[PDB]
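Read through the structure below, which is laid out as structure tokens, and then see the notes.
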Amino acid sequence: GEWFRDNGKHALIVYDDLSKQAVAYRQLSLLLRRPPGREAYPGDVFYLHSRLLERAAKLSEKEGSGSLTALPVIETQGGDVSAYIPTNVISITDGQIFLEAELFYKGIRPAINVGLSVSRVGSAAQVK
Amino acid sequence: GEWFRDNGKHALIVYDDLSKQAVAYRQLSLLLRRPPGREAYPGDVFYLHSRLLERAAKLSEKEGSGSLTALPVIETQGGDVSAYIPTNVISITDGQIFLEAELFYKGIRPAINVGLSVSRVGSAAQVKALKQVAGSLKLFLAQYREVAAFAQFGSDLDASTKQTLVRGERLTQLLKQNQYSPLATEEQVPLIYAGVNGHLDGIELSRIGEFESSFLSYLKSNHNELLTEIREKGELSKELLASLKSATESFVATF
Amino acid sequence: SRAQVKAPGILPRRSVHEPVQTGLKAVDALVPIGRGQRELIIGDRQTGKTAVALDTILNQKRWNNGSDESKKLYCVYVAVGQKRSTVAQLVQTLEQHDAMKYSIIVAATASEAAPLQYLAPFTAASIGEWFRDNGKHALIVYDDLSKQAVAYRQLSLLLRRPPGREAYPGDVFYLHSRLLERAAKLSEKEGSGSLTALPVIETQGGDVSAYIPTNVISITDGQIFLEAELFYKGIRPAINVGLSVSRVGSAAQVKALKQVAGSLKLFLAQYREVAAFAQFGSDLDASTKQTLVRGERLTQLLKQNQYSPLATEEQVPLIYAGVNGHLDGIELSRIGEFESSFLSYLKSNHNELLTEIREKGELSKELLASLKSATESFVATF
Amino acid sequence: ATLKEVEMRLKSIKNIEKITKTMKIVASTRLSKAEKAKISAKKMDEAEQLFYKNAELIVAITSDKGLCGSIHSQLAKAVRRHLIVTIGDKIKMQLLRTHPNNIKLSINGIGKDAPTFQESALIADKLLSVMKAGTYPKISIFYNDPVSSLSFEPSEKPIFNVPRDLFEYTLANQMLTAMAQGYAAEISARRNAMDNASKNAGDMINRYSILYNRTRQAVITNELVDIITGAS
Amino acid sequence: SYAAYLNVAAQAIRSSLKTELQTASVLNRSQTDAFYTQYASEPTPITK
Amino acid sequence: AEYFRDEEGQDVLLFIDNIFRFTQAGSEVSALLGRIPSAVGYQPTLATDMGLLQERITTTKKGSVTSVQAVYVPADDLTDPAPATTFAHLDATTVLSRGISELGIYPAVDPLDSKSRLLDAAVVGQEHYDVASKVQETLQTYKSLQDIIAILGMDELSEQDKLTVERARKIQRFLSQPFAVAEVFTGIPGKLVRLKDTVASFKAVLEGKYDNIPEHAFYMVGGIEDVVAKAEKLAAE
Amino acid sequence: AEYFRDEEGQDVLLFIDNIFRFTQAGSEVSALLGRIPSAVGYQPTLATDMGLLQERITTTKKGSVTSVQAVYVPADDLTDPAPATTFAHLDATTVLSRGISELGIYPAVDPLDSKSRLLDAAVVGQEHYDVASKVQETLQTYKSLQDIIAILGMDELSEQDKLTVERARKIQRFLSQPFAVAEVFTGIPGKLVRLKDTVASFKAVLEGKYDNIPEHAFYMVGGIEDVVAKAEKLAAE
Ligand SMILES: Nc1ncnc2c1ncn2[C@@H]1O[C@H](COP(=O)(O)OP(=O)(O)OP(=O)(O)O)[C@@H](O)[C@H]1O
Ligand SMILES: [Mg+2]
């Protein structure tokens, strides 16, 4: 994506899903005897994701006006957003679209919980 | 026990108790510095208890048709079965007999929770005389276990539940018995019969023990032929059920 | 004096029989602290612990200016893990109140190397032990031992010693034990001195099952448990009278306060039993409604402001008026107006009752009857 | 936070759910009698009402036991909207907080069982003896009516030598007729209320059953992190 | 008093019933537990 | 203790206070020796260390070393490995609970949480087992109704359960006892009661013979033969 | 900041966002430095590595530093070693909580867990102190009744408690406030509310002046005058 970005073109990146990248990094680490932290995850999972998602940036006309848009996906156990990896990616990211299973079964599809959902840049991108 | 199993004989093995075996194995492994797992236990505790238990078996005729029967004991703290070793053994075994403190200190003895206890195999092995009479005891007890919560209210209860409350009390008082007094099937089937058929309803709940101890003496003294036939045949003919109804009613009336 | 000197043994001690007067109603009347005792002030963050220790320090002003060296109690405050500005504010409070002249502060602050945070409590203990060994009396407050444990853990792990529970070292119990029970009450043979310890502990999430709380609760003679649900309800200090306990008990209590704390404790136990039904007070039975009333009035009665400690001459009349039912007619919101307006009355019109409660130490019948009279002569006007 | 806390919370909630289930059941059993009573009493009332149909203070009725939902709330509110003799402690308290000087008489202990003409007649007698109710230019009875098996509505009903005996008798008749319908209504509202309560208990159990499992996984993971770091 | 007159006449018609016919309902009709207290000042509770 | 048993030929009793700290110190010494910590932090040798201590406390032909062991339960969790392992060895328990002194009866032993393995008809006799069982039934019936007694009152109870609560309060109080050592502080003279004089004294209360008597006559009296006298002397006052 | 404090003597304010990352970055490197890990996975030096930085952020006789620090709480676990250690280094602490955010009440501050050294009558005044104490009491009464409201309902509650619950729902909603930088993603324009106006408003609410205005009038408005204006607007709808 950073090629389209750096050459003036617009890209979008979907990660489906980062929970399993985190699991794989936990595996790779624990097999290297890296001491486990919270939820048995290594201490550097935040660094695993932050240096991935910070690359999604909108550049200036000095660089060429490219942009990379990141839509990471996370699976939540039992619907709890208070878990370690979800909270980390919520800290990194600029918003969340929370899809709730209760609404999905009710026939509300897409199951956007408009309450927990927020785009902290918001109206700036929205069409006038 | 495997000697008896393999020589065509029948053996029973009671492990009292395997939780302490798991603790011994944990000590043994941690002092050997083997890598622990959950609950400080080694990895293969499941392979300890399975390798122990499922040596119990009933053999084919090609092998002498012996058997070895295992009654493992597990001490559960606070009655929680979520623990690791209890979960493993509950998963290895063909059933469980659940003894509850809540029933024990309320004077029920043995404190068998009929709702949680299950035999997934033995119902085929059960004695026919007992099966015929006790088939409905599961249902009557399952209904009593519901109504027990509503009992203390009184007259407000419907008659279709008062009957349940009358039966289940006598049944629970029947199933309790003193220790080191194990009863023969010939003495067990008549009592479950009197109960399931509601003949004890005319007796005060405080006197069931007097009833049982008396009843045995009557059948033994005046209807021995029927006990003899029950244990010689193991199953109740059309005619034996009738003679048992007659003896039970003639006793209850004159009791 | 060396830091890790050995505590005194069985033989030279004498039993705790004299009070460490805190001036806090909820303590002196329900969980008394004696001279020679070890009382754990335990509670979650920002719950009132340092306030308890500091009110205890500040209440000694009425005795320490005295000439009778047997009553004055010197103080030592060990700030372990605290930031220097908190010690600056504490010294400001003690200077304002003129309590510094009888207080030593020992400060192993956060920026101090972990060895010094581990070592400061022992040196402060050795400072107090001088007063003990010279026939004087001392009160050593540790704020707080959890952070000494954290420092000892840092030291141990960087020394590559193997960790135990919760990453702590194996011998943390031996760290705190040989610290705390250096507190003692010595017999006339050894100079009658005393050292009293008030270790603070900080409970995460209210969990007393944590390793260091589980240890220190086992070393101490009692615990003052501070809880935040009580704080936000205006019960301040937020002492859970049900979780708090003293193992020295009545022996450490002022006699006049004992004579009423017995009934106070019984009634608050009855309240703790019925309290689940507190909100639906109307539909309950007469006796349950009465118990709820009296217990709520007493719980409100036990509250008092910060840096405003009370004399026992001011505690006895109030706990009496509460126990003996007089306050039942007073609306729960006016009890604050009561204890303020009553003592001012007692001091004005009935001074001899306070003078005798203070001097004689015991409520005599000739005096208890006059106290009943003097409380009726107030609830009537109130 | 810890396992001993979540498990104790869950046990308390399951106890609340059982305590409410038994209450629902007993309210379902006690109903048939109340409905028989309401029908018989209303069948009596129809006869006496027919006469006024062809020709031409407040008593407020509730029981003393609560946990019946809005039975006392709606009726105290209807009485205030109309704005006194209170049968039952709860309407008594509702009125006493608002207008303590207006209460003239209170009766309690009646509602523990299906009403009868003994209670109604004795209440009428003490009423006509202490208050001399028959002199008042107006008398009105406030009571709850079971408009359906799952709802109720408050209601006011008037009380206007044949005339003397007739009024004195119709007083007891209408007090009985109101007490019966209020008893049925409160039983029904004590059967629907505890139903909602038990279902809310079930939802709370289904939440704490996730919180518990999360704490279980966390506890195991951390105990094993400690063991491993000790073993490294 | 006329309602209570009917009450005592009912008791007369009721106790005169055969002792085998006095079903639990007939006893229930005769066991009013109510208490009364006139009123915010009010005296002690009085049985009906 | 073992020497006085095997070399003095007499029955002795050994107090250990507190047994929790034996396991605590074992855990310290194991951690220091570098042994892998087990569960919440105890030594793997916990059960075997407790065994090698306890199993010397036993009866032999020359005598018996009896033991009364104080057991500190951390965080009130009877499932902590220390008390859990201790319980496997001891067969009599005596719970001194604050919830009994809060209402002012000493010794302050909980009649219901306290329990014994030896409460068996083959050991204590059927006459004693019946009395004990009906005591643990009356007290438990009372402890079942307390919510009802509070929210409602004692009038709502049936005449049966009103009698049960009366006899339960009388029994709760009669289990109190003045110690022969409390004579100094409490002043009360102190007395001890034989097992017969106790079993029969409670049988008489359950049989309702002394239901005529108030509860206070049971409060600090060593046996019913003195409860009668206290009743008389209180009524005469 | 320290040069501005000491060398220039000016007044300084230092914003640090987010200081948890310092301890996390130390944790990431501790394992590779060759240290045995402590609790849930942090480095041994957490408490002192933190202190060496934190104690430099302080006011001195030479100059003043006003420090605002953001402290991340992982997994919403306020008990994580890092926040638990940071709480001791701060004079004021406002804990933003997720529940208050799901309820829609931005800026999501937990009115109870938030605390300050200056909330004493000697500084803020007795009126202010008592208003804050009554707010906290109302909200804690509301939080103690939540189970009852979930299962039983609000009908059971007493007359004082229904009022306290209505008033708690108003108060917790009035602590909401729109921010001029949040307008882009909330739409509601910003409001700045003076201290005196805030005290007066919450006093008027506690004293019962506005029991006649609905809860929605308090949401995401500024002062009490805006509550009245919005009440009139909603009524006109
Ligand atoms: N009796 C009281 N009345 C009113 N406020 C009190 C009382 N006691 C304490 N407080 C308040 O509680 C706050 C905490 O005081 P304290 O220093 O005792 O807490 P702490 O237990 O030391 O918590 P930490 O040391 O973790 O900050 C102070 O701001 C103080 O104003
Ligand atoms: Mg402090």
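Starting from 1 in every chain, residues are counted up; chains themselves are A, B, ... following the order of the structure tokens, and ligands are numbered from 1 as listed.
If one restricts the calculation to only C-alpha atoms and all ligand atoms, the set of residues situated within 7 Å of ligand 2 consists of residues 49, 50 and 143 of chain C.
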With N, CA, C and O atoms retained, export the selected residues as a short mmCIF file (atom, residue, chain, number, x, y, z; two decimals), in the first residue's frame.
data_model
loop_
_atom_site.label_atom_id
_atom_site.label_comp_id
_atom_site.auth_asym_id
_atom_site.auth_seq_id
_atom_site.Cartn_x
_atom_site.Cartn_y
_atom_site.Cartn_z
N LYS C 49 -6.15 6.28 55.21
CA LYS C 49 -5.20 5.65 56.11
C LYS C 49 -4.25 6.66 56.73
O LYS C 49 -4.09 6.73 57.97
N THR C 50 -3.60 7.47 55.89
CA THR C 50 -2.66 8.44 56.40
C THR C 50 -3.36 9.43 57.32
O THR C 50 -2.77 9.93 58.28
N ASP C 143 4.26 3.92 56.28
CA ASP C 143 3.42 4.28 55.14
C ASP C 143 4.31 4.20 53.89
O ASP C 143 4.98 5.17 53.55
#
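Near ligand 1, the residues found within 6 Å are residues 45, 46, 47, 48, 49, 50, 51, 236, 237, 304, 305 and 306 of chain C; 88, 117 and 120 of chain G (criterion computed using only C-alpha atoms and all ligand atoms).
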If we count only C-alpha atoms and set the cut-off at 12 Å, which residues sit around residue G:121, ignoring sequence neighbours fewer than 5 positions away in its own chain? Please answer as a PyMOL selection string. (chain C and resi 305-306) or (chain G and resi 126-133)
Quick one: DSSP alpha helix (DSSP H) residues in chain E, as a list in words?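 Of chain E, only residues 2, 3, 4, 5, 6, 7, 8, 9, 10, 11, 12, 13, 14, 15, 24, 25, 26, 27 and 28 of chain E fall in alpha helix (DSSP H).
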Could the residues in this selection be saved with N, CA, C and O atoms as a PDB file, in the first residue's frame?
ATOM      1  N   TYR E   2     -76.199  -2.203  61.710  1.00  0.00           N
ATOM      2  CA  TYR E   2     -77.024  -3.139  60.954  1.00  0.00           C
ATOM      3  C   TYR E   2     -76.180  -4.155  60.203  1.00  0.00           C
ATOM      4  O   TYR E   2     -76.559  -5.328  60.107  1.00  0.00           O
ATOM      5  N   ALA E   3     -75.039  -3.733  59.660  1.00  0.00           N
ATOM      6  CA  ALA E   3     -74.133  -4.693  59.044  1.00  0.00           C
ATOM      7  C   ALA E   3     -73.584  -5.658  60.086  1.00  0.00           C
ATOM      8  O   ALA E   3     -73.512  -6.870  59.849  1.00  0.00           O
ATOM      9  N   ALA E   4     -73.223  -5.148  61.262  1.00  0.00           N
ATOM     10  CA  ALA E   4     -72.776  -6.034  62.328  1.00  0.00           C
ATOM     11  C   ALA E   4     -73.925  -6.870  62.870  1.00  0.00           C
ATOM     12  O   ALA E   4     -73.708  -7.987  63.352  1.00  0.00           O
ATOM     13  N   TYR E   5     -75.148  -6.350  62.806  1.00  0.00           N
ATOM     14  CA  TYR E   5     -76.304  -7.163  63.153  1.00  0.00           C
ATOM     15  C   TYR E   5     -76.401  -8.361  62.226  1.00  0.00           C
ATOM     16  O   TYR E   5     -76.623  -9.492  62.667  1.00  0.00           O
ATOM     17  N   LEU E   6     -76.258  -8.121  60.926  1.00  0.00           N
ATOM     18  CA  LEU E   6     -76.210  -9.229  59.988  1.00  0.00           C
ATOM     19  C   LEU E   6     -75.038 -10.146  60.280  1.00  0.00           C
ATOM     20  O   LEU E   6     -75.135 -11.354  60.066  1.00  0.00           O
ATOM     21  N   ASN E   7     -73.933  -9.599  60.784  1.00  0.00           N
ATOM     22  CA  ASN E   7     -72.765 -10.426  61.077  1.00  0.00           C
ATOM     23  C   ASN E   7     -73.041 -11.384  62.229  1.00  0.00           C
ATOM     24  O   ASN E   7     -72.715 -12.575  62.161  1.00  0.00           O
ATOM     25  N   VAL E   8     -73.665 -10.883  63.293  1.00  0.00           N
ATOM     26  CA  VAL E   8     -73.971 -11.737  64.436  1.00  0.00           C
ATOM     27  C   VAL E   8     -75.112 -12.695  64.114  1.00  0.00           C
ATOM     28  O   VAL E   8     -75.119 -13.842  64.577  1.00  0.00           O
ATOM     29  N   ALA E   9     -76.067 -12.274  63.284  1.00  0.00           N
ATOM     30  CA  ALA E   9     -77.107 -13.193  62.839  1.00  0.00           C
ATOM     31  C   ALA E   9     -76.526 -14.288  61.953  1.00  0.00           C
ATOM     32  O   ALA E   9     -76.956 -15.446  62.013  1.00  0.00           O
ATOM     33  N   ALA E  10     -75.549 -13.939  61.119  1.00  0.00           N
ATOM     34  CA  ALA E  10     -74.850 -14.942  60.334  1.00  0.00           C
ATOM     35  C   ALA E  10     -74.112 -15.919  61.231  1.00  0.00           C
ATOM     36  O   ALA E  10     -74.130 -17.128  60.989  1.00  0.00           O
ATOM     37  N   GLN E  11     -73.443 -15.414  62.266  1.00  0.00           N
ATOM     38  CA  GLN E  11     -72.799 -16.314  63.218  1.00  0.00           C
ATOM     39  C   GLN E  11     -73.817 -17.241  63.857  1.00  0.00           C
ATOM     40  O   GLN E  11     -73.525 -18.413  64.121  1.00  0.00           O
ATOM     41  N   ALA E  12     -75.018 -16.735  64.115  1.00  0.00           N
ATOM     42  CA  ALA E  12     -76.049 -17.582  64.697  1.00  0.00           C
ATOM     43  C   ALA E  12     -76.483 -18.664  63.718  1.00  0.00           C
ATOM     44  O   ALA E  12     -76.698 -19.818  64.109  1.00  0.00           O
ATOM     45  N   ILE E  13     -76.622 -18.306  62.440  1.00  0.00           N
ATOM     46  CA  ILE E  13     -76.979 -19.279  61.416  1.00  0.00           C
ATOM     47  C   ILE E  13     -75.824 -20.219  61.111  1.00  0.00           C
ATOM     48  O   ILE E  13     -76.022 -21.256  60.468  1.00  0.00           O
ATOM     49  N   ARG E  14     -74.619 -19.870  61.543  1.00  0.00           N
ATOM     50  CA  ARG E  14     -73.403 -20.578  61.168  1.00  0.00           C
ATOM     51  C   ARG E  14     -72.952 -21.576  62.222  1.00  0.00           C
ATOM     52  O   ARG E  14     -72.621 -22.717  61.886  1.00  0.00           O
ATOM     53  N   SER E  15     -72.927 -21.177  63.494  1.00  0.00           N
ATOM     54  CA  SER E  15     -72.562 -22.117  64.545  1.00  0.00           C
ATOM     55  C   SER E  15     -73.623 -23.196  64.709  1.00  0.00           C
ATOM     56  O   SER E  15     -73.316 -24.304  65.163  1.00  0.00           O
ATOM     57  N   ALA E  24     -63.551 -25.782  56.363  1.00  0.00           N
ATOM     58  CA  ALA E  24     -62.543 -24.788  56.716  1.00  0.00           C
ATOM     59  C   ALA E  24     -62.981 -23.383  56.338  1.00  0.00           C
ATOM     60  O   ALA E  24     -62.630 -22.412  57.015  1.00  0.00           O
ATOM     61  N   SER E  25     -63.729 -23.251  55.243  1.00  0.00           N
ATOM     62  CA  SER E  25     -64.222 -21.944  54.827  1.00  0.00           C
ATOM     63  C   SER E  25     -65.104 -21.319  55.898  1.00  0.00           C
ATOM     64  O   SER E  25     -65.032 -20.111  56.153  1.00  0.00           O
ATOM     65  N   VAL E  26     -65.954 -22.128  56.522  1.00  0.00           N
ATOM     66  CA  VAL E  26     -66.875 -21.611  57.522  1.00  0.00           C
ATOM     67  C   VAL E  26     -66.112 -21.094  58.729  1.00  0.00           C
ATOM     68  O   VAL E  26     -66.480 -20.075  59.325  1.00  0.00           O
ATOM     69  N   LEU E  27     -65.039 -21.785  59.114  1.00  0.00           N
ATOM     70  CA  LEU E  27     -64.181 -21.270  60.172  1.00  0.00           C
ATOM     71  C   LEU E  27     -63.469 -19.996  59.725  1.00  0.00           C
ATOM     72  O   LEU E  27     -63.381 -19.025  60.485  1.00  0.00           O
ATOM     73  N   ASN E  28     -62.976 -19.975  58.484  1.00  0.00           N
ATOM     74  CA  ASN E  28     -62.260 -18.809  57.983  1.00  0.00           C
ATOM     75  C   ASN E  28     -63.125 -17.563  58.056  1.00  0.00           C
ATOM     76  O   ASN E  28     -62.663 -16.495  58.472  1.00  0.00           O
TER      77      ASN E  28
END
All C-alpha atoms, paired in order, least-squares superposition of chain G on chain F: what RMSD does that give?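 C-alpha RMSD, chain G fitted to chain F: 2.2 Å.
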Write out as an NGL selection string every residue belonging to chain A that has an atom at most 7 Å from any atom of chain G, counting only C-alpha atoms. :A and (35-38 or 43-44 or 82-84 or 87 or 115-116 or 119-124)
Would you output that residue set with C-alpha atoms, as an mmCIF file, in the first residue's frame?
data_model
loop_
_atom_site.group_PDB
_atom_site.id
_atom_site.type_symbol
_atom_site.label_atom_id
_atom_site.label_comp_id
_atom_site.auth_asym_id
_atom_site.auth_seq_id
_atom_site.Cartn_x
_atom_site.Cartn_y
_atom_site.Cartn_z
ATOM 1 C CA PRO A 35 8.506 -14.021 29.066
ATOM 2 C CA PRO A 36 4.716 -13.818 28.885
ATOM 3 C CA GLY A 37 2.835 -10.734 29.974
ATOM 4 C CA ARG A 38 -0.887 -10.162 30.220
ATOM 5 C CA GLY A 43 5.069 -7.248 26.111
ATOM 6 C CA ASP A 44 5.730 -5.990 22.583
ATOM 7 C CA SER A 82 -11.882 -4.691 27.640
ATOM 8 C CA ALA A 83 -9.456 -7.383 26.437
ATOM 9 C CA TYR A 84 -5.771 -6.630 25.930
ATOM 10 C CA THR A 87 -7.872 -2.204 23.904
ATOM 11 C CA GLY A 115 -23.269 4.075 20.529
ATOM 12 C CA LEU A 116 -19.895 2.424 20.913
ATOM 13 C CA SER A 119 -14.844 8.214 14.169
ATOM 14 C CA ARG A 120 -12.738 10.744 15.991
ATOM 15 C CA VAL A 121 -11.997 12.620 12.788
ATOM 16 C CA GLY A 122 -15.684 12.346 11.911
ATOM 17 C CA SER A 123 -17.390 14.994 9.849
ATOM 18 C CA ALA A 124 -14.190 16.208 8.192
#
Selection: 8 Å around residue A:86, only C-alpha atoms, excl. self and same-chain fewer than 5 positions, as a PyMOL selection string: chain A and resi 74+76+81
